[PDB]
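Take a look at the structure set out below.
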Amino acid sequence: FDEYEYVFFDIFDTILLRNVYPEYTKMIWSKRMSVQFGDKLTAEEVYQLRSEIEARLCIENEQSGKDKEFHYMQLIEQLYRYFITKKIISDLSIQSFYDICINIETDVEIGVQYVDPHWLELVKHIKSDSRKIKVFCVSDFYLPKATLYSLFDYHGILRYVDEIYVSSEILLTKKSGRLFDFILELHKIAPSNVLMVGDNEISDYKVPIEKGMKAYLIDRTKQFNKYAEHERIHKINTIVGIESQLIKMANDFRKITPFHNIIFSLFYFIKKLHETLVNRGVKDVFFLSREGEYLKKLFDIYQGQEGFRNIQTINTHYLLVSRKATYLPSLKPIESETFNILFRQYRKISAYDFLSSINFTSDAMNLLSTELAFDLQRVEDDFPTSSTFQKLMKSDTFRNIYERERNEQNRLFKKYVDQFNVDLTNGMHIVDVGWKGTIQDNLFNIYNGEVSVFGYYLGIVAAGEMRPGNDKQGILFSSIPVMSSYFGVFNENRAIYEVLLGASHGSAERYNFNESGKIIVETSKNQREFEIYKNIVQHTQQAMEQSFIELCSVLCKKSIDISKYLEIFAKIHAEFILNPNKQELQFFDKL
Ligand SMILES: [Cl-]
Ligand SMILES: [Mg+2]
Ligand SMILES: [Mg+2]
């Protein structure tokens with residue numbers, strides 16, 4: 001050994017290593033900023049704008065008596081110029097625009113960074129035994145010192161470091177050597193009492209040796225080869241071999257569970273849905289029972305696999321709703337209600353069917369049938385023109401129970417929603433499989449049009465009562481206004497989505513309070529639907545969760561627009577709908 005008072009460590013590719021090549025973090029930040037601001041600019045246009053500004057400040061700071069370097073606030077101030085002149089931002093000051101910027105990049109770095117385990121035992125040795133050595137960090141970088149304080153604290157290594165010196169705070173670099181002149185002068189260090197340790201031969205050895213310090217150059221040929229082949233594959237707008245990679249990933253999953261490969265469609269839905277919610281500025285989203293239980297499960301996972309930590313993170317809830325629970329409170333007063341939504345698909349029904357669809361109780365059913373001398377069980381060929389329907393509409397007992405239970409369920413459901421701590425002032429944002437968005441039409445009526453409702457569906461084949469304030473969206477496929485690209489692929493045999501997206505509980509029936517006044521949603525326990533999930537759907541739901549993670553490690557933390565490869569997902573989907581092999585068909589009939 002010699003005898004050093006200070007050990008100076010380079011940061012990047014010395015202490016912190018990246019899963020991606022270092023330039024890819026500005027591309028990922030570019031894609032996430034393009035989603036952040038309304039897709040006004042593409043992921044590549046914001047990235048080109050960052051390049052043009054970064055190399056601009058380098059040349060400008062160079063010939064201002066400073067060194068070739070830029071502070072992060074200088075980049076953000078210029079970005080605020082282009083954004084506000086091109087009308088990309090609105091109601092956004094410079095300070096809040098900086099917050100979104102620095103939080104995307106801080107989460108981006110956190111997602112791909114990892115500390116060198118060799119550096120950990122090393123810095124532990126330095127910070128232990130007995131003789132007291134101080135540990136500094138000198139890095140040529142653009143992020144503020146407070147940002148690298150955050151990263152080191154998050155990695156749990158800031159306890160071994162005593163100072164952090166970044167070229168962005170004083171705009172002096174290790175390359176020019178002036179940053180060394182500043183640290184040695186301020187701290188009053190004798191050069192020969194410093195051991196510099198880094199990966200660059202110029203900035204971490206040649207210049208330190210010239211300044212009088214002892215230096216050690218560690219080898220990174222194995223780490224920079226990993227960056228070399230990763231840059232071969234991941235560019236700003238493409239990933240080479242992504243088609244064969246997905247298709248190969250789709251050949252080995254097929255025997256896991258029957259119809260295991262719709263998980264690729266669900267990943268496209270989850271990834272494009274998230275872009276749409278963040279683009280719309282959505283902070284709260286509701287997943288509808290019961291098909292939405294597994295959809296929320298995958299959406300909560302996805303945000304965790306993308307590294308969303310402090311920005312572009314969405315709170316998700318679970319709204320216990322069913323067609324039956326949401327239709328009654330949405331109706332008009334009996335003087336105007338025609339029940340057309342119920343009569344457009346069901347006509348050959350019984351009074352028991354009708355009184356259950358408008359969600360009457362068995363006591364009301366056992367009183368109306370008993371009072372009006374009709375059979376509750378008897379099914380009619382045309383109920384809207386039936387005698388029993390004409391009897392009910394005229395009966396005052398019906399007319400009493402109708403107004404009482406329509407206004408109560410409306411009051412009880414609305415206070416059930418208030419328990420979720422969501423401000424419907426900006427809008428109620430809902431996600432489901434759908435096809436039609438029936439429940440959404442009910443929800444919008446329940447609030448009497450005072451609440452803007454936004455629907456986001458896996459697929460949409462029927463518009464229903466779409467109108468201003470009642471908006472619907474088909475993420476994977478839609479027929480509004482026109483059929484979207486590859487409509488026939490995902491619409492064909494679309495029943496498998498309802499099968500594989502079963503929930504663990506019963507269907508939502510009605511709303512009432514518990515003991516204290518808090519609203520409890522009663523569910524109908526259908527024993528055979530419970531057995532289907534427990535013994536079949538639940539197992540395949542968790543087997544697809546694992547293949548969903550592997551799709552995440554290949555498609556999360558990238559700069560790609562997922563919509564550019566919908567054809568690849570349409571390809572994979574068709575290979576088991578246009579040719580579903582052997583027993584997969586018999587599994588479909590069982591449930
Ligand atoms: Cl450096
Ligand atoms: Mg370095
Ligand atoms: Mg990692």
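Residue numbering restarts at 1 for every chain of the structure tokens, chains are lettered A, B, ... in their displayed order, and ligands are numbered from 1 as they appear.
For ligand 3, the neighbouring polymer residues at 8 Å or closer are residues 18, 19, 110, 111, 112, 113 and 114 of chain A, only C-alpha atoms and all ligand atoms being used.
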Contacts of residue A:144 at 8 Å (only C-alpha atoms; same-chain gap of 4+ positions) as a short mmCIF file (atom, residue, chain, number, x, y, z; two decimals) with C-alpha atoms, in the first residue's frame:
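Result written to selection-v2.cif:
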data_model
loop_
_atom_site.label_atom_id
_atom_site.label_comp_id
_atom_site.auth_asym_id
_atom_site.auth_seq_id
_atom_site.Cartn_x
_atom_site.Cartn_y
_atom_site.Cartn_z
CA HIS A 71 -26.24 22.04 -16.41
CA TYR A 72 -29.57 20.23 -16.50
CA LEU A 148 -26.80 12.17 -7.82
CA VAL A 166 -20.42 16.89 -10.56
CA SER A 168 -22.74 20.36 -13.94
CA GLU A 169 -22.75 22.56 -10.82
#
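Among A:51, A:541, A:78, A:203, the residue with the shortest atom-to-atom distance to ligand 1, counting only C-alpha atoms and all ligand atoms, is A:203.
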Would you name the residues within 9 Å of ligand 2, counting only C-alpha atoms and all ligand atoms, and put them as a PyMOL selection string?
chain A and resi 10-16+139-141+198-200+203-204
Write the residues of the preceding selection, restricted to N, CA, C and O atoms, as a compact mmCIF listing (two decimals), in the first residue's frame.
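Output saved as part26.txt:
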# COMPACT_ATOMS: atom_id res chain seq x y z
N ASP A 10 -14.68 8.01 -9.79
CA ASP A 10 -15.59 8.33 -10.88
C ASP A 10 -16.93 7.65 -10.62
O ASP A 10 -17.01 6.63 -9.93
N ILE A 11 -18.00 8.23 -11.16
CA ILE A 11 -19.34 7.72 -10.90
C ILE A 11 -19.74 6.69 -11.95
O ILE A 11 -19.82 5.50 -11.65
N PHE A 12 -19.99 7.14 -13.17
CA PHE A 12 -20.64 6.29 -14.16
C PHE A 12 -19.64 5.36 -14.84
O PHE A 12 -18.58 5.79 -15.29
N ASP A 13 -20.00 4.07 -14.89
CA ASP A 13 -19.15 2.96 -15.34
C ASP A 13 -17.99 2.71 -14.40
O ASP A 13 -17.05 1.98 -14.76
N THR A 14 -18.01 3.29 -13.20
CA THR A 14 -17.07 2.98 -12.13
C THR A 14 -17.80 2.53 -10.88
O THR A 14 -17.53 1.43 -10.37
N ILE A 15 -18.72 3.34 -10.37
CA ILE A 15 -19.58 2.97 -9.25
C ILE A 15 -20.93 2.45 -9.73
O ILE A 15 -21.39 1.39 -9.30
N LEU A 16 -21.58 3.18 -10.64
CA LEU A 16 -22.90 2.84 -11.14
C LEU A 16 -22.79 2.33 -12.57
O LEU A 16 -22.21 3.00 -13.43
N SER A 139 -17.30 13.36 -11.09
CA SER A 139 -17.91 12.86 -12.31
C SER A 139 -18.20 14.01 -13.27
O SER A 139 -18.61 15.10 -12.84
N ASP A 140 -17.97 13.76 -14.55
CA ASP A 140 -18.36 14.68 -15.61
C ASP A 140 -19.76 14.29 -16.08
O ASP A 140 -19.93 13.29 -16.78
N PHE A 141 -20.75 15.08 -15.68
CA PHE A 141 -22.14 14.74 -15.95
C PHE A 141 -22.97 16.01 -15.93
O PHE A 141 -22.52 17.06 -15.47
N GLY A 198 -11.04 5.49 -11.76
CA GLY A 198 -12.07 5.61 -12.77
C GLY A 198 -11.91 4.65 -13.93
O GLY A 198 -11.03 3.79 -13.93
N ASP A 199 -12.77 4.80 -14.94
CA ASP A 199 -12.77 3.94 -16.11
C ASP A 199 -12.22 4.60 -17.37
O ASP A 199 -11.76 3.88 -18.27
N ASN A 200 -12.26 5.93 -17.46
CA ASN A 200 -11.72 6.68 -18.58
C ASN A 200 -10.23 6.91 -18.39
O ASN A 200 -9.79 7.32 -17.32
N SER A 203 -9.75 11.24 -18.52
CA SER A 203 -10.29 12.01 -17.40
C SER A 203 -10.01 11.37 -16.05
O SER A 203 -9.98 12.08 -15.03
N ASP A 204 -9.82 10.05 -15.99
CA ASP A 204 -9.60 9.38 -14.71
C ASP A 204 -8.17 8.91 -14.50
O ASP A 204 -7.87 8.35 -13.44
Could you go through stretch 335-497 of chain A and tell me which residues DSSP, when run on the backbone, assigns to helix (DSSP H, G or I), listing them as a PyMOL selection string?
chain A and resi 340-343+351-357+362-372+383-385+387-394+396-418+438-446+487-491+495-497
I'd like the contact shell of stretch 279-286 of chain A - 12 Å cut-off, only C-alpha atoms, skipping same-chain residues fewer than 4 positions apart - returned as a PyMOL selection string.
chain A and resi 32-40+272-275+290+292-293+295-296+299-300+311-321+417+420-432+440+453-457
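Assigned to strand (DSSP E or B) in stretch 119-204 of chain A, given DSSP computed from backbone atoms, are residues 134, 135, 136, 137, 138, 139, 163, 164, 165, 166, 194, 195, 196, 197 and 198 of chain A.
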Same residues, N, CA and C atoms, output as a compact mmCIF listing (two decimals), in the first residue's frame:
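Saved file result-v1.txt follows:
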# COMPACT_ATOMS: atom_id res chain seq x y z
N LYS A 134 -11.18 9.58 3.62
CA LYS A 134 -12.39 10.19 3.08
C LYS A 134 -12.57 9.80 1.62
N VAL A 135 -13.83 9.67 1.22
CA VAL A 135 -14.21 9.17 -0.10
C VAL A 135 -14.98 10.26 -0.82
N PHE A 136 -14.42 10.76 -1.91
CA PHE A 136 -15.07 11.75 -2.76
C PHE A 136 -15.53 11.10 -4.06
N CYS A 137 -16.41 11.79 -4.78
CA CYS A 137 -16.88 11.33 -6.08
C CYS A 137 -16.80 12.48 -7.07
N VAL A 138 -16.01 12.30 -8.12
CA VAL A 138 -15.84 13.31 -9.16
C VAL A 138 -16.33 12.70 -10.47
N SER A 139 -17.30 13.36 -11.09
CA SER A 139 -17.91 12.86 -12.31
C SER A 139 -18.20 14.01 -13.27
N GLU A 163 -18.38 13.34 -0.20
CA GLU A 163 -18.64 14.48 -1.07
C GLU A 163 -19.01 13.98 -2.45
N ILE A 164 -19.82 14.77 -3.16
CA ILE A 164 -20.18 14.49 -4.55
C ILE A 164 -19.89 15.75 -5.36
N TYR A 165 -18.99 15.63 -6.34
CA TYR A 165 -18.61 16.74 -7.21
C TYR A 165 -18.96 16.39 -8.65
N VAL A 166 -19.91 17.13 -9.21
CA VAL A 166 -20.42 16.89 -10.56
C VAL A 166 -20.05 18.07 -11.44
N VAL A 194 -4.01 11.97 -2.92
CA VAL A 194 -5.27 11.60 -3.55
C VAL A 194 -5.03 10.40 -4.45
N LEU A 195 -5.93 9.43 -4.37
CA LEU A 195 -5.97 8.30 -5.30
C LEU A 195 -7.26 8.41 -6.11
N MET A 196 -7.12 8.70 -7.40
CA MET A 196 -8.25 8.76 -8.31
C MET A 196 -8.48 7.39 -8.94
N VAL A 197 -9.75 6.99 -9.01
CA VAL A 197 -10.12 5.67 -9.52
C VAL A 197 -11.27 5.85 -10.50
N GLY A 198 -11.04 5.49 -11.76
CA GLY A 198 -12.07 5.61 -12.77
C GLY A 198 -11.91 4.65 -13.93
Considering only C-alpha atoms, can you say which of A:583, A:304, A:253, A:416 comes closest to residue A:521?
A:416
7 Å contact set for stretch 41-48 of chain A, only C-alpha atoms, chain neighbours under 2 positions out, as a PyMOL selection string
chain A and resi 27+30-31+34+39+50-52+236-237+559
Output for the residues just chosen: C-alpha atoms as a JSON list (two decimals), in the first residue's frame:
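Ended up saving to part.json:
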[["chain", "number", "residue", "atom", "x", "y", "z"],
["A", 27, "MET", "CA", -34.14, 8.13, -25.48],
["A", 30, "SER", "CA", -37.69, 11.17, -24.73],
["A", 31, "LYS", "CA", -40.39, 8.53, -25.24],
["A", 34, "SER", "CA", -43.64, 12.41, -25.69],
["A", 39, "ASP", "CA", -48.05, 13.15, -28.29],
["A", 50, "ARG", "CA", -32.42, 17.30, -26.77],
["A", 51, "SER", "CA", -29.37, 16.55, -28.94],
["A", 52, "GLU", "CA", -29.57, 19.93, -30.69],
["A", 236, "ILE", "CA", -34.69, 5.58, -30.86],
["A", 237, "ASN", "CA", -37.47, 4.23, -33.09],
["A", 559, "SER", "CA", -38.20, 4.23, -26.41]]
Option closest in space to ligand 1, from A:69, A:3, A:181, A:531 [counting only C-alpha atoms and all ligand atoms]
A:69
Neighbouring residues of stretch 500-515 of chain A were defined as those with any atom within 9 Å, considering only C-alpha atoms; residues of the same chain fewer than 2 positions away were excluded. Please report them as number ranges by chain.
A: 259, 289-295, 320-326, 359, 408-409, 412-413, 416, 496-498, 517-527, 529-530, 532-534, 537-538, 540-541
Excluding residue A:491 and any residue of its chain fewer than 6 positions from it, enumerate the residues within 9 Å of it, using only C-alpha atoms, and give them as a list in words.
residues 459, 461 and 477 of chain A
Keeping N, CA and C atoms, export the residues of the selection given above as a PDB file, in the first residue's frame.
ATOM      1  N   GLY A 459     -61.721  -3.826 -26.427  1.00  0.00           N
ATOM      2  CA  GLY A 459     -62.316  -3.710 -27.739  1.00  0.00           C
ATOM      3  C   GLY A 459     -63.661  -3.019 -27.650  1.00  0.00           C
ATOM      4  N   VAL A 461     -67.111  -2.795 -30.196  1.00  0.00           N
ATOM      5  CA  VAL A 461     -67.839  -3.133 -31.409  1.00  0.00           C
ATOM      6  C   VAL A 461     -69.127  -2.334 -31.552  1.00  0.00           C
ATOM      7  N   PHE A 477     -58.842  -2.797 -30.320  1.00  0.00           N
ATOM      8  CA  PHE A 477     -59.587  -2.696 -31.566  1.00  0.00           C
ATOM      9  C   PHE A 477     -60.885  -1.942 -31.313  1.00  0.00           C
TER      10      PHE A 477
END
What's the 10 Å shell around stretch 96-105 of chain A, counting only C-alpha atoms, without same-chain residues fewer than 2 positions away, as number ranges by chain?
A: 25-26, 28-30, 32-33, 36, 72-73, 75-77, 79-80, 83, 89, 91-94, 107-111, 143-144, 147, 307-312
Can those selected residues be exported to a file as a CSV table (one decimal), in the first residue's frame so that it contains N, CA and C atoms?
chain,number,residue,atom,x,y,z
A,25,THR,N,-30.8,6.2,-22.0
A,25,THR,CA,-31.6,6.9,-21.0
A,25,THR,C,-32.2,8.2,-21.5
A,26,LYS,N,-31.5,8.9,-22.3
A,26,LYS,CA,-32.1,10.1,-22.9
A,26,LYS,C,-33.2,9.8,-24.0
A,28,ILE,N,-35.2,6.9,-23.6
A,28,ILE,CA,-36.3,6.5,-22.8
A,28,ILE,C,-37.0,7.7,-22.2
A,29,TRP,N,-36.2,8.7,-21.7
A,29,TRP,CA,-36.8,10.0,-21.2
A,29,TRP,C,-37.5,10.7,-22.4
A,30,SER,N,-37.0,10.5,-23.6
A,30,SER,CA,-37.7,11.2,-24.7
A,30,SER,C,-39.1,10.5,-25.0
A,32,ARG,N,-40.9,8.9,-22.9
A,32,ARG,CA,-41.8,9.2,-21.8
A,32,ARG,C,-42.2,10.6,-21.7
A,33,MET,N,-41.4,11.6,-22.3
A,33,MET,CA,-41.8,12.9,-22.4
A,33,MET,C,-42.8,13.1,-23.5
A,36,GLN,N,-45.9,12.1,-22.1
A,36,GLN,CA,-46.3,13.1,-21.1
A,36,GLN,C,-47.0,14.3,-21.6
A,72,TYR,N,-28.3,20.8,-16.1
A,72,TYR,CA,-29.6,20.2,-16.5
A,72,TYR,C,-30.6,21.3,-16.6
A,73,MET,N,-30.5,22.4,-15.8
A,73,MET,CA,-31.5,23.5,-15.8
A,73,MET,C,-31.3,24.2,-17.1
A,75,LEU,N,-30.6,22.9,-20.0
A,75,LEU,CA,-31.4,22.1,-21.0
A,75,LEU,C,-32.9,22.2,-20.8
A,76,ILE,N,-33.4,22.3,-19.6
A,76,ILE,CA,-34.8,22.4,-19.3
A,76,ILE,C,-35.3,23.8,-19.7
A,77,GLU,N,-34.5,24.8,-19.5
A,77,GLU,CA,-34.9,26.2,-19.8
A,77,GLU,C,-35.1,26.3,-21.4
A,79,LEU,N,-35.8,23.7,-23.4
A,79,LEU,CA,-37.0,22.9,-23.7
A,79,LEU,C,-38.2,23.7,-23.4
A,80,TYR,N,-38.2,24.5,-22.3
A,80,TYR,CA,-39.4,25.3,-22.0
A,80,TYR,C,-39.6,26.3,-23.1
A,83,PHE,N,-41.2,24.4,-26.2
A,83,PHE,CA,-42.6,23.8,-25.8
A,83,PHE,C,-43.6,24.9,-25.7
A,89,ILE,N,-47.2,23.1,-24.3
A,89,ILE,CA,-47.6,23.2,-22.9
A,89,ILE,C,-48.5,24.3,-22.7
A,91,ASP,N,-50.8,26.2,-19.2
A,91,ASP,CA,-51.0,26.3,-17.8
A,91,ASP,C,-49.8,25.7,-17.0
A,92,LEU,N,-48.6,25.7,-17.6
A,92,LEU,CA,-47.4,25.1,-17.1
A,92,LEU,C,-46.3,26.1,-17.0
A,93,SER,N,-46.0,26.5,-15.8
A,93,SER,CA,-44.9,27.4,-15.5
A,93,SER,C,-43.6,26.7,-15.8
A,94,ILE,N,-42.5,27.4,-15.7
A,94,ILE,CA,-41.2,26.8,-15.9
A,94,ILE,C,-40.8,25.8,-14.7
A,107,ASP,N,-36.4,8.6,-12.5
A,107,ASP,CA,-37.0,7.3,-12.5
A,107,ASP,C,-36.4,6.4,-13.6
A,108,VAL,N,-36.1,7.1,-14.7
A,108,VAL,CA,-35.5,6.3,-15.9
A,108,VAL,C,-34.1,5.8,-15.5
A,109,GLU,N,-33.3,6.6,-14.8
A,109,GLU,CA,-32.0,6.1,-14.4
A,109,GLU,C,-32.1,5.0,-13.3
A,110,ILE,N,-33.1,5.2,-12.4
A,110,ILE,CA,-33.2,4.2,-11.3
A,110,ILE,C,-33.6,2.9,-11.9
A,111,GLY,N,-34.3,2.8,-13.0
A,111,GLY,CA,-34.8,1.6,-13.6
A,111,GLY,C,-33.7,0.7,-14.2
A,143,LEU,N,-26.4,16.1,-14.8
A,143,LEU,CA,-27.4,16.1,-13.7
A,143,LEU,C,-27.0,16.9,-12.5
A,144,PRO,N,-27.9,17.6,-11.8
A,144,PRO,CA,-27.5,18.3,-10.6
A,144,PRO,C,-26.9,17.4,-9.5
A,147,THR,N,-29.4,15.5,-7.7
A,147,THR,CA,-29.9,14.3,-8.3
A,147,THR,C,-29.0,13.1,-8.1
A,307,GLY,N,-40.8,0.9,-13.9
A,307,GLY,CA,-40.0,1.8,-13.0
A,307,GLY,C,-40.7,3.1,-12.7
A,308,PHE,N,-42.0,3.2,-12.9
A,308,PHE,CA,-42.8,4.4,-12.6
A,308,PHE,C,-42.8,4.5,-11.0
A,309,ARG,N,-42.3,5.6,-10.5
A,309,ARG,CA,-42.0,5.7,-9.1
A,309,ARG,C,-42.6,7.0,-8.5
A,310,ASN,N,-42.3,8.2,-9.2
A,310,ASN,CA,-42.7,9.5,-8.7
A,310,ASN,C,-43.4,10.3,-9.8
A,311,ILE,N,-43.5,9.8,-11.0
A,311,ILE,CA,-44.1,10.6,-12.1
A,311,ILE,C,-44.8,9.5,-13.1
A,312,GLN,N,-45.8,10.0,-13.8
A,312,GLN,CA,-46.5,9.1,-14.7
A,312,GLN,C,-47.0,7.8,-14.0
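Here atom CA of residue A:7 and atom CA of residue A:70 stand 26.0 Å from one another.
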For the atom pair atom CA of residue A:250 and atom CA of residue A:572, what is the interatomic distance in Å to one decimal place?
6.9 Å
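Shortest separation to ligand 1 among A:365, A:122, A:133, A:207 occurs at residue A:207, atoms counted being only C-alpha atoms and all ligand atoms.
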